[PDB]
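Participant: experimental structure below, sequence on top.
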Amino acid sequence: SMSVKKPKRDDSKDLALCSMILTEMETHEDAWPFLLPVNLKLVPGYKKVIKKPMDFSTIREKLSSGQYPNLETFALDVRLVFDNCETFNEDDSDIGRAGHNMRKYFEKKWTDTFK
């Protein structure tokens, strides 16, 4: 509350560390469905169904230009990529499997880096 704060967590490396995690997501072999925005002209249904499209290149631009106010808002966009993927793709497809794998990979890096 006013003049009553928990001890200050050092957040000065968060930016760099989020960039690293993102680089590891970008270079994973199963990242291919997620590297670029889904082409909304060429994938019927995507625009209407997915209210908030997100992909790694868009996360990279937001990160690099100071558009994440904190590490939680960064994790929300990453999770959105996988939530979107689950919404549009059957679990039993290459893309569906890609998303499950990438989400697990992300969550572990997240916990090991910050928790």
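Facilitator: In hand now; what should we look at? Residues are numbered from 1 along each chain as shown.
Participant: does the residue nearest the centre of the chain count as helix, strand or coil?
Facilitator: In the chain, the centroid-proximal residue (CA atoms, centre = their mean) is residue 78; its distance is 1.2 Å. Secondary structure, DSSP: H, G, I helix; E, B strand; the rest coil: residue 78 is helix.
Participant: so what's the residue count around the residue lying closest to it once chain neighbours are set aside?
Facilitator: Spatially, and ignoring its direct neighbours in sequence, residue 78 is nearest to residue 106 (5.6 Å; CB to CB, 6 or more residues apart in numbering). Yep, even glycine has a C-beta here, placed from its N, CA and C like the rest. Other residues within reach of residue 106, judged by other CB atoms under 10 Å, total 20.
Participant: how about the contacts made by residue 106?
Facilitator: Listed by CB atoms under 8 Å, 6 or more residues apart in numbering, the contact set of residue 106 reads 21, 25, 78-79, 82.
Participant: mind naming the longest helix for this protein?
Facilitator: If each helix of the chain is counted by residues according to DSSP state H, the longest one is helix 94-114.
Participant: same question for that helix: list its buried residues.
Facilitator: Neighbour-count burial for helix 94-114, counted by 16 or more other CB atoms under 10 Å, picks out 96-99, 102-103, 105-106, 109-110.
Participant: just the C-alphas of it, formatted as CSV.
Facilitator: Only the C-alpha atoms of helix 94-114 are listed here, as CSV (Å, rounded to 0.1, in the frame of the first residue of the first chain):
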residue,chain,number,x,y,z
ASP,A,94,1.7,-31.4,-37.3
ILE,A,95,0.9,-27.8,-36.4
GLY,A,96,-1.2,-28.9,-33.4
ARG,A,97,1.7,-31.0,-32.2
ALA,A,98,4.2,-28.2,-32.9
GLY,A,99,2.2,-25.9,-30.6
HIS,A,100,2.0,-28.3,-27.7
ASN,A,101,5.8,-28.9,-28.0
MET,A,102,6.7,-25.2,-28.2
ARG,A,103,4.4,-24.3,-25.2
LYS,A,104,6.2,-27.0,-23.0
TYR,A,105,9.6,-25.8,-24.2
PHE,A,106,8.6,-22.1,-23.3
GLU,A,107,7.2,-22.9,-19.9
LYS,A,108,10.3,-24.7,-18.8
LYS,A,109,12.6,-22.0,-19.9
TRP,A,110,10.3,-19.5,-18.2
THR,A,111,10.4,-21.3,-14.8
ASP,A,112,14.2,-22.0,-15.0
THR,A,113,15.0,-18.4,-15.9
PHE,A,114,12.8,-16.5,-13.5
